Amino acid sequence: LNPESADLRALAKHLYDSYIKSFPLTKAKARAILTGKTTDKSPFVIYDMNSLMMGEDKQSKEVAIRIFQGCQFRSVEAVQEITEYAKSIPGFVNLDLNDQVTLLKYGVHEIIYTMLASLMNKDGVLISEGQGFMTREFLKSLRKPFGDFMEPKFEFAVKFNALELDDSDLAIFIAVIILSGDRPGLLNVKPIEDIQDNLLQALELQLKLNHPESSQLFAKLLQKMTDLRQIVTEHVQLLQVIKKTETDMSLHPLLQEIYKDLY
Amino acid sequence: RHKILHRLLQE
Ligand SMILES: CN(CCOc1ccc(C[C@@H]2SC(=O)NC2=O)cc1)c1ccccn1
């Protein structure tokens, strides 16, 4: 290790520590829960309407809506955690505040679906901080339009999880996503690109040191950033459909704010 | 616009 590499290791560590502070349920813990390698009770499995209702004992709108709005509630909490994490990225809070807002607005869902993969396997997803496991099949079975809203997220996840990143890798990756200089409407791109340049260098070194056997992991990971955007744009279209067809529902105000003039 | 995010950022 040389002095520039050292500064990059320090940045990696600083981000890892902020990540652990900001995000209560890590991929480490999630994996422990999913494999069974934990001394906690295994999670309650939700695979049908009945199991759901018995698990709720751990509103009274229809099931698909209750599930969809539980996802909204989780995002709202996730946005708060991501906002706190973003504030720890060196140089972030020194940006024009309008640009901080724009970066968060466009970054949060990409990060949400990234971190959701940490909680997923090919059969289902941990919920309620790992106290539950909701099956992929059950989510597929929901009545249209809700029946296939999770499928693109699971398909992304199985591919993304094959990279076998850990929390120390994810912490840098997430910061890279937030510091994207090509978000629409940014006022001053230069200081954002300067920060992202450093982060990307930090990520590349991190991946070389933590995964020395996995050649071109850095390049595979950068291509996923493009796939995350697709997940978000498609989701926006699904939301448009849902907003037209289900005037039962109401989007949480934080989410209205994020989604307004997003794509 | 972005009243909440502003708030979370400045908090
Ligand atoms: C399927 N799970 C795990 C969370 O799965 C999520 C799926 C999608 C999102 C994105 C939300 S949903 C929306 O329209 N906008 C958003 O930001 C957020 C979380 C459930 C289901 C019920 C209760 C709690 N957890």
Side-chain angles (χ1 to χ4, degrees), chain A residues 23-25 27 30 33-34 43-49 51-59 61-83 104-142 144-158 160-161 177 228-246 248-260 262-263, chain B residues 4-5 8:
Chain A
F23 296 117
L25 178 63
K27 187 178 174 171
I33 294 171
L34 291 156
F44 188 93
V45 176
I46 298 190
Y47 66 91
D48 64 357
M49 270 191 46
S51 48
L52 167 68
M53 289 165 184
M54 292 179 54
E56 290 181 285
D57 315 309
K58 294 293 284 170
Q59 309 304 322
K61 304 296 183 187
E62 76 177 88
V63 52
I65 303 289
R66 282 184 293 145
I67 286 156
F68 197 76
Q69 291 182 335
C71 293
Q72 285 183 45
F73 174 96
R74 176 52 203 142
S75 277
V76 168
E77 294 194 341
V79 169
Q80 297 163 53
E81 297 158 344
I82 295 159
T83 299
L104 275 169
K105 177 191 181 65
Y106 283 92
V108 289
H109 286 98
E110 294 174 8
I111 297 165
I112 288 168
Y113 301 132
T114 296
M115 295 180 79
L116 193 50
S118 296
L119 275 46
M120 280 177 163
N121 59 33
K122 68 169 185 178
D123 300 317
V125 60
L126 293 177
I127 65 154
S128 172
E129 255 178 271
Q131 294 167 348
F133 179 90
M134 184 167 183
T135 71
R136 176 177 189 179
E137 210 61 60
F138 177 49
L139 290 151
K140 286 195 85 169
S141 77
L142 304 177
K144 65 179 182 178
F146 301 97
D148 57 359
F149 94 100
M150 294 298 296
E151 270 308 286
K153 286 76 159 162
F154 279 108
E155 276 157 5
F156 174 84
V158 299
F160 187 84
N161 289 343
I177 288 167
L228 286 166
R229 298 209 186 181
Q230 180 82 72
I231 303 320
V232 175
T233 56
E234 290 182 10
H235 191 86
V236 166
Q237 292 162 358
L238 177 67
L239 264 181
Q240 276 161 18
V241 169
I242 288 161
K243 285 195 266 216
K244 289 161 181 286
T245 63
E246 310 292 339
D248 186 83
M249 302 155 61
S250 35
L251 199 60
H252 189 293
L254 182 49
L255 297 183
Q256 290 190 100
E257 201 181 284
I258 293 154
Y259 280 117
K260 174 187 172 157
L262 197 84
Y263 299 132
Chain B
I4 300 163
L5 286 175
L8 294 170

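The figures that follow rest on heavy atoms only: side chains count, while hydrogens, waters and symmetry mates do not. Just follow the structure's listing: the first ligand is 1, and inside any ligand the first atom is 1. Just so it is clear: chains get the letters A, B, ... in the order the sequence lines come, proteins before strands, and each one is counted from 1.
Annotation: A:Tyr47, atom OH; neighbour count of heavy atoms from other residues, nucleotides and ligands within 6.0 Å does not exceed 12. Annotation for A:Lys140: atom NZ does not count as buried by contact number, only 12 or fewer foreign heavy atoms lying within 6.0 Å.
A heavy-atom separation below 4.0 Å is not found between A:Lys153 and ligand 1. Residue contacts with ligand 1 include A:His109, since one or more of its heavy atoms lies under 4.0 Å from the ligand.
The ligand atoms of ligand 1 that sit less than 4.0 angstrom from a heavy atom of A:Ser75 are 9 (C), 10 (C), 11 (C), 16 (C), 17 (O), 18 (C). Within the listing of ligand 1, atoms 13 (C), 14 (O), 15 (N), 16 (C), 17 (O) sit less than 4.0 angstrom from a heavy atom of A:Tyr259.
For atom 25 (N) of ligand 1, the nearest protein heavy atom (residue, atom name, distance) is A:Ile127 CG2, 3.5 Å. Scanning all protein heavy atoms for the shortest distance to atom 5 (O) of ligand 1 gives A:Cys71 SG, 3.6 Å. Nearest protein heavy-atom neighbour of atom 13 (C) of ligand 1: A:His235 NE2, 3.2 Å. The protein heavy atom nearest to atom 22 (C) of ligand 1 is A:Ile67 O, 3.8 Å.
Contact annotation for A:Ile258 and ligand 1: no heavy atom of the residue comes within less than 4.0 Å of the ligand. With a 4.0 Å heavy-atom cut-off, ligand 1 is reached by no atom of A:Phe73.
With a 4.5 Å cut-off on side-chain heavy atoms, A:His235 and A:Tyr113 count as touching. A:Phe138 places a side-chain heavy atom less than 4.5 Å from the side chain of A:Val63. Taking the side chain as every heavy atom from C-beta outward, A:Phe146 and A:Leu238 never approach each other to under 4.5 Å.
Here the straight-line distance linking atom NZ of A:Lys244 with atom CG of A:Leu239 works out to 12.5 Å at 0.5 Å rounding.
Taking a cutoff of 4.0 Å between a charged side-chain nitrogen and a carboxylate oxygen, A:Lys105 and A:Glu257 do not qualify as a salt bridge.
In this pair, A:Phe68 and A:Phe149 present their aromatic rings perpendicular. The plane angle is above 60°, beyond the 30 to 60° band.
Ligand 1 has no N or O atom lying under 3.5 Å from any N or O atom of A:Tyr113, backbone or side chain.
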